[PDB]
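K.L.:
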Amino acid sequence: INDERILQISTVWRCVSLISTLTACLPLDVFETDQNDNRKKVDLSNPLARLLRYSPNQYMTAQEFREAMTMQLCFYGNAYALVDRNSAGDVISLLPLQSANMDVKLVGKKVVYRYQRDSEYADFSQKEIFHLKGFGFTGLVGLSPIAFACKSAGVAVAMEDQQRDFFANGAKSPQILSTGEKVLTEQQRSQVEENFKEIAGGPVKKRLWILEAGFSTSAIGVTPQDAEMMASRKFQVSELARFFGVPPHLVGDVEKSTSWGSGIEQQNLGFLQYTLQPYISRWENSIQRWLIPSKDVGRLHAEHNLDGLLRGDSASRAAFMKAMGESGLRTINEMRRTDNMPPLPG
Amino acid sequence: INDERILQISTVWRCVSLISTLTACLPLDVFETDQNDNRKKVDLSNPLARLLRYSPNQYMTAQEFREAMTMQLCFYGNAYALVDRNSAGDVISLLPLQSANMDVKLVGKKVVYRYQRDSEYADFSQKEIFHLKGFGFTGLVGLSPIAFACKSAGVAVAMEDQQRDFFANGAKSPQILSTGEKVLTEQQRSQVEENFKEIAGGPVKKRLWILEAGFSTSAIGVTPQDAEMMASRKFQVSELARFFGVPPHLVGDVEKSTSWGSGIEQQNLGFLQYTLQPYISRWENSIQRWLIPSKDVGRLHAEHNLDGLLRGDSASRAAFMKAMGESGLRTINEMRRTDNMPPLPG
Amino acid sequence: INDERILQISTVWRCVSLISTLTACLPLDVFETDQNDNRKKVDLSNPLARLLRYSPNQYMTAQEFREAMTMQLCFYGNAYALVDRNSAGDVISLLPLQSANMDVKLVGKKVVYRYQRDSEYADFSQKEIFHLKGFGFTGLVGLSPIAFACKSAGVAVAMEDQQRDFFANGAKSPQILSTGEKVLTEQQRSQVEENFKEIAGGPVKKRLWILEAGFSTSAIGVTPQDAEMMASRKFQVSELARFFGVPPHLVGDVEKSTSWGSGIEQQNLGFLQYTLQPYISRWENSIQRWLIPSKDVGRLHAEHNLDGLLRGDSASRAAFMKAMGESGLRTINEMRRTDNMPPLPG
Amino acid sequence: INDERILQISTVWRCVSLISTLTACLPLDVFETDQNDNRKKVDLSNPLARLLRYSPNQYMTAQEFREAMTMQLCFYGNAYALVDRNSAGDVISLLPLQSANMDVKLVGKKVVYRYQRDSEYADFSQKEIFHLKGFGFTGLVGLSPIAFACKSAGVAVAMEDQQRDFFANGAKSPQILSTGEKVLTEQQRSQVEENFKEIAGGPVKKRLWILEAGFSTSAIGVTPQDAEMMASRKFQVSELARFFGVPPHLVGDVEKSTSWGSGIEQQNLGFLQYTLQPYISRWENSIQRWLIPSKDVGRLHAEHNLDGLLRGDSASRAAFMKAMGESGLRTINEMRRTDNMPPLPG
Amino acid sequence: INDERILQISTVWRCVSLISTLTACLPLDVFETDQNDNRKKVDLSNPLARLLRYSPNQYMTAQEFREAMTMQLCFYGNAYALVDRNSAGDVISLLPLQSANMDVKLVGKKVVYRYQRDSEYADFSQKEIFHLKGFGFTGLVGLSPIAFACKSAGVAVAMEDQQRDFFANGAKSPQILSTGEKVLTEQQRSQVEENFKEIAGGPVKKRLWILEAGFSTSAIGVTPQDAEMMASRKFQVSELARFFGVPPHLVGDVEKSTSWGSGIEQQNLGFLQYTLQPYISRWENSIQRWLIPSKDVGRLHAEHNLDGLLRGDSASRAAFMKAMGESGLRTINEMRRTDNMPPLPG
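Residue numbers (the authors' numbering), protein chains in the order written: chain F, 52 to 397; chain G, 52 to 397; chain H, 52 to 397; chain I, 52 to 397; chain J, 52 to 397.
#1: Which runs of the alpha helix (DSSP H) spanning at least 4 residues fall entirely within the stretch 121-183 of chain I, listed in chain order?
#2: How should I:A139 be labelled, buried or exposed, when 16 other C-beta atoms within 10 angstroms of its C-beta is the threshold for buried?
#3: Kindly examine the ligand ATP and report whether one of its heavy atoms sits closer than 8 angstroms to the Cβ of I:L357.
#4: From J:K256, J:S267, J:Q328, J:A366, pick the residue whose C-alpha is nearest to that of J:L228; which is it?
#5: So that I know if they touch, is there some Cβ in chain I lying closer than 9 angstroms to that of J:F247?
#6: Distance, Cα to Cα, F:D277 vs G:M280?
#7: Taking H:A219 as the reference, which of G:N246, G:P254, G:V192, G:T189 has the closest Cα?
#8: Could you tell me which whole beta strand (DSSP E) segments of length 3 or greater appear in the stretch 185-238 of chain G?
#9: I'd like to know if I:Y127 contacts chain H, where contact means its C-beta is closer than 9 angstroms to some C-beta of that chain.
#10: Any contact of the stretch 189-207 of chain G with the stretch 247-262 of chain G, i.e. 3+ C-beta pairs under 8 angstroms?
#11: To the nearest angstrom, how far is it from the Cα of I:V302 to the Cα of I:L291?
#12: Which whole-angstrom value describes the C-beta separation of F:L183 and F:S337, a residue pair presumed to lie in contact below a C-beta threshold of 8 angstroms?
#13: What are the residues in the stretch 218-230 of chain I lying within 8 angstroms of chain H by C-beta distance?
#14: Taking 9 angstroms as the threshold (beta carbon to beta carbon), is J:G253 in contact with chain I?
#15: Should G:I261 and H:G265 be called a contact, given that it needs their Cβ atoms to be closer than 9 angstroms?
#16: Suppose you measure from the CA of I:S367 to the CA of H:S365; what does that come to, to the nearest Å?
#17: Anything in chain F within Cβ reach of G:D277, meaning under 8 angstroms, just list it in chain order.
#18: Is H:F116 closer than 9 angstroms to H:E354 when the C-beta atoms are compared?
#19: Identify the residues that DSSP records as bridge partners of F:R90: which are they?
#20: Taking 9 angstroms as the cut-off, decide whether the C-beta atoms of G:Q214 and H:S283 are in contact.
#21: Skipping 5 residues on each side, what residues in its chain have a beta carbon closer than 8 angstroms to that of F:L102?
#22: With which residues is H:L79 paired in a DSSP beta bridge?
#23: Kindly give me the distance between the Cβ atoms of H:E316 and H:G363, rounded to whole angstroms, as I take these residues to be in contact under 8 angstroms.
#24: Using DSSP's beta-bridge definition, name the partner residues of I:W260.
#25: Could you check the C-alpha separation between G:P329 and I:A151 for me, to the nearest Å?
#26: Is there at least one Cβ from chain F nearer than 9 angstroms to G:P329's Cβ?
#27: Of the residues G:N391, G:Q339, G:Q109, which one's Cα is nearest the Cα of G:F181?
#28: On the DSSP bridge assignment, give the partners of H:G272 in chain order.
#29: Please state whether DSSP places G:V67 in a helix, a strand or coil.
#30: Please determine, among J:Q86, J:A75, J:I57, the residue with the shortest C-alpha to C-alpha distance to J:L351.
#31: Quick check on F:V305: buried or exposed, where buried means 16 or more other Cβ atoms within 10 Å of its Cβ?
#32: Along the stretch 349-365 of chain F, what residues have a CB closer than 8 angstroms to any CB found in chain G?
#33: Buried or exposed for F:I52, going by 16 or more other Cβ atoms inside 10 Å?
#34: Let me confirm a value: H:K233 is counted as buried when at least 16 other C-beta atoms fall within 10 Å, else exposed. Which label applies?
#35: For a cutoff of 9 angstroms on Cβ pairs, would you count I:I383 as touching chain C?
#36: I'd like the list of long-range same chain contacts for F:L77, defined as Cβ closer than 7 angstroms, with 5 residues on each side in sequence excluded.
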């Protein structure tokens, strides 16, 4: 078994696609925080904000970069980027690195990111490799989920191959050549192969030979009237989904989320809290832990925006905004800012 | 297996049709933006707006181009256009290129778009190829989904082919042909073919006469009354749909969403937030990253309009507008602009 | 297999009928747009508006013409009309052309519509052929959906013929004729068929004949206890529908749209957004791209009217109009214009 | 197969009956129209109105003529009437013609309506044949639906004939009459044909004898206990209905619409918008294209009235009128006109 | 098969009974219409109103006459009455004529109603035969629905006869009198025929004999384990109903109208619009087309009253009348006229 054959499972493909792409769709904002604890969102004039929101490097989009990082984070439990910085020490480029080529080894109290580029060993400090570092016991690396999923994936590909092959044989069931006691010539015996090479493929339908001996031949295989050849296929989707923690109604099972929450907003809230939330924290805290300078901690901060998911329907959002009317929890201008309407006296 | 034989699957055709069409149906606009963050939608006198909205080239419509680009972006994970620009260096044309003929390679620290034109091997810069660059680990190219889907597609076409030819055989099962209990001449053996083999057609009916030397012929097919046959077909639709991430009830299967909101608007939000959104991001971001010049970033901003999907029914939209009329979140003039009614004092 | 035999499938016939006819039923309006951005609907005095709304040519209705164009657009992915224009360059006739006879070939930078009329090659520029050009990768032609549907159609016509001919044979199931050793005379062997031919056809009911050997006969047909011989007949409708993207409850499956939207308006909204919308855009944008002169772009515009579908029931439309009462979103005169009631002081 | 044997299918009869009847039941009116777009319904003193509403010819009713025309338009995709006009050139009669005897051909740039009258071959102009010209690729003639439906109709009539004949033979299965190994005289054969075969009739329950050759007689019918028999009949109703586009619950099948609105008004809207509407368009447009002279276009306008279908129940209509009374969208006099009540001050 | 045997099918009997009787129950009113477009209902002093509402001839009731006409109209697609008139040309009698004896033949431009009275040919003009003329392609006669229904009726009577006979035979299964090879005399063997007949008949339960050769008998009746003998009986009802267009829940199928309309009024509205309406129009328009003199057209008019069907329950009609209270859409006197209550100051 190998990683690409595993990635060819539709369920795996979908999960990885979904998680990475969703977190890549979110707006990411950067803030300067005043001493009275007020946020100001910062502009593309700020070097870090430009690096993040506009361009990570001379080859990529921001969206594209976050997606690419997150794919490795999910697939390998870990993702790595080269960090580049100017003479003032401010970062100026980020560039993803293939996790499969990375090693990280401690060196006395220190750490070295040992990157195997082909047959060359590009060795780096904690100050120039970002390392998003997923779920794992050591706090030094995430556990690579692909490495654990290998057995259930093994079951899934085994069934899929059997299922293919049965229909590829035109459902011509395998036969015992159960026989009798007549002397057969070696050519009579040879006919059993010699006449054929089509009991898998070709339309020798009414015609599959036996010798001048009649014989008693009968089927060997169990037939996919063994209902596992359906039911078991369905069952595997849950097994694979459980490595990623994805609600199976988003994947395709049964129908829809039967007793859990009614409207779309409840589904989104559930999906956020039980699945999407960790990645948000991993990104935001890593940025705070390594990219923001220690003197700017507490002043400078970064957040993903959730409203693109938490968006309810027209009726609910109208009712919500009306509930801000009395109570006065917003001005008309603040509400008009949420949908970029022109400001108005109030 | 090949891409055309795959695209002939109704599911695959429908998925690509749906996504590419829907995003091509959206309105797409550009705003100039003031320093106080007021929008100003720009006119067809602006070259970029004209290019995007009226005409991408002297052969095509805007819609028609966006559609074609998006089809490649889904099918191959990547799409490419040749850019062209005037003596001022401002863009004046876009023309699609075959993702199947394109290659992108790093060449020193630079990159080259190698395009196989027919029997020639053109090379191009990041300066002149637009490259929409979908989902993938490198951040340099997208994973071509057709390449991964090939196995489940292989199963689907295997089942489909087998399923047909059973009825093409007049629904008669494969048979073991024992040559009786005595040897016969090679011509008598040839007459087994003269006697039989046309059992795939209708009219044979009764001339299935056992010759005067015993014989013991019987069936070796399992019958489509096996527990796979029908259910097997249904299952595989989901497998193919998962490569594109489309909710199967939109693909026309079985039963519609019971438990995430019943109203059409909630279906649209679900489809947007979990399927359409990323493509919207990729377009808008690519335009901002490569086509809008750096000096105009934050001044100029391209966006799609969502309202064509987020449209509610008469009752909901009436209630919504009334809830903005009271509270005063809009003037009558703003609301009348949404449905292009003549303005009034307000 | 051939296009007419495919068109004889009820599902295909219905889909093509529905889509083309619905878009042909819609009102199509033309507008002059004032510099203050107010629409004026234009009259049958305008040459283009008359060409469109009243008469495309000396043989046809407007409705009839739009229908005819749209049938080819759906069936072949493409539709073509000869364009005719006066000495002032204004268009004066449109005439549809059979897509199967069309070729389009590039000629250096130029394009030639190569029309094979019988054995003659009527060759035309982009300035005199309209070309509605559907969904496809090149932006130069739409993919012809019939060409892809051919395989699922193949399965469908196979099952249909088997289903017929089983009852055409009165379900007189086919048989082995057997004994083991008696010499049949060549007349006995003749009579084994020559007595009959009505074993397929007529009422030989209680009296198929042996010859003088008793016989030990047995059957070879599977019986339509084969679950496909009902379940598959149902299933294939979805396959065909997926080439056109039609919601199967409009076609005939199960009952009605189970969990999707309650009232008729929600069904119409769904059908518009997920199926009908693209054709609207293709028409409207093609008109804008080729028929309206470049100097009149932005001034002159055309729209289909959706209200004939978006029409809710009496109660909902009454409630809607009442909700315009306060809020004041219409005068009584504007509402009376929606149903052509005489205007009244207000 | 033939058209009458097809029309004898209950489905086909019902579909044609329904559509042609319903559109013939609608009121049809003409408005003269002022330059300020006020309607004025015209009187039976107007020749065109009299022709349309009182009498199409000295043999028929208006309703009766519209019905007959529409039957042909559905059944043959086309319908034709001979026009007649007075010395002023104004129309004074319409008479239907057989679509089965009509042909239309291009003749130079002109067209000829070739009509086979009996054993003669009359020819007519576009000036004197009305030609309602239904759905089809050319825009010159409609596709005759009966021609495409013939295969599924073939399947339906095959089953219907088989179903009869089973009970007509007293529900006794077909048999191989196997006697044994004795040679038979032609009289002994004649007595197999007369002692026996008669069993397929009614009364001979008692005796059916076997001679001293010992016999081996056995059945070859599958029995209608097979899984097709009943469900087969049901399925085919949908197939035929799809050529006409009628919702099967209106055709009296199985179960009524669960999930597009329960109220009768929503059934009517569904049937209108998805089935009836196109015919309404074809009539009104044909009249405006050929019968109303060019100088009167936009002044004179023929229309059907929809209210006979859009009629709500007592509760809904009361609420609706009250919602126009308040708001003031009607006078009492207008509302009293709808149900022809005497007017009052208002 | 014959018309009376067809009429003996309960479904056919019910449909004809229902339609004809319902339209015969309706009030029929005649109106003089003032020039200001006000209706006056006319009295039994008017000759036509008396002929219609009180007495058609010296033998019949009005109800009875309308019923009788409508039965022929449904059954034969056509109904005919002799028209009689005074010296002033005003009609004074109507008398129905058996449609089966009628022929109508054109005579140059003229028409002759050729009535075969026994062996005599009573020949008449359009001025003295009324001819209600139902649904049909020519506008000269209706298609006789009985003539088309003959095949499905054929299936139905085949089942019904078989179903009778099986139980009339005491459900004894018909027997092959199988044996072996022992001799018996022809006189011994003849005792089968001599003795028995009660295998088809009645009381001999036990001593069905054999002649002295031991015997080995077997059955040949399929049994109504053939589910058609139940399920198909049910199915036939729809086939027959479809010739008349009657909603099968009114006839007896399943239970009640499952998803279609809730209260009785919705059922009545549906039944009116989709089934009853055409006959109303046929009557009313025929009266207007032939019985009312041309000078009185527009002045004199006739309508059936629908309120006897459109009658909702006590609660709904109370709520309705209360909704007329404010709004003022009736006076108390007008409402009291609807239920013949004495008028009162208002």
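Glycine is no exception: its CB is placed at the ideal position from the N, C-alpha and C atoms.
P.N.:
Here's the rundown:
#1: none
#2: exposed
#3: With respect to the ligand ATP, the structure offers nothing, as it holds no ligand at all.
#4: J:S267
#5: yes
#6: 12 angstroms
#7: G:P254
#8: 226-229
#9: no
#10: no
#11: 11 angstroms
#12: 6 angstroms
#13: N220, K223, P225, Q226, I227, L228, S229, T230
#14: no
#15: no
#16: 8 angstroms
#17: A222, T274, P275, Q276
#18: no
#19: F:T84
#20: yes
#21: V142, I143, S144, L145
#22: H:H355
#23: 5 angstroms
#24: J:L228
#25: 57 angstroms
#26: yes
#27: G:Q339
#28: G:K223
#29: helix
#30: J:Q86
#31: exposed
#32: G359, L360, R362, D364, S365
#33: exposed
#34: exposed
#35: In the structure shown, chain C cannot be found, because the protein chains are F, G, H, I and J.
#36: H355, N356, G359
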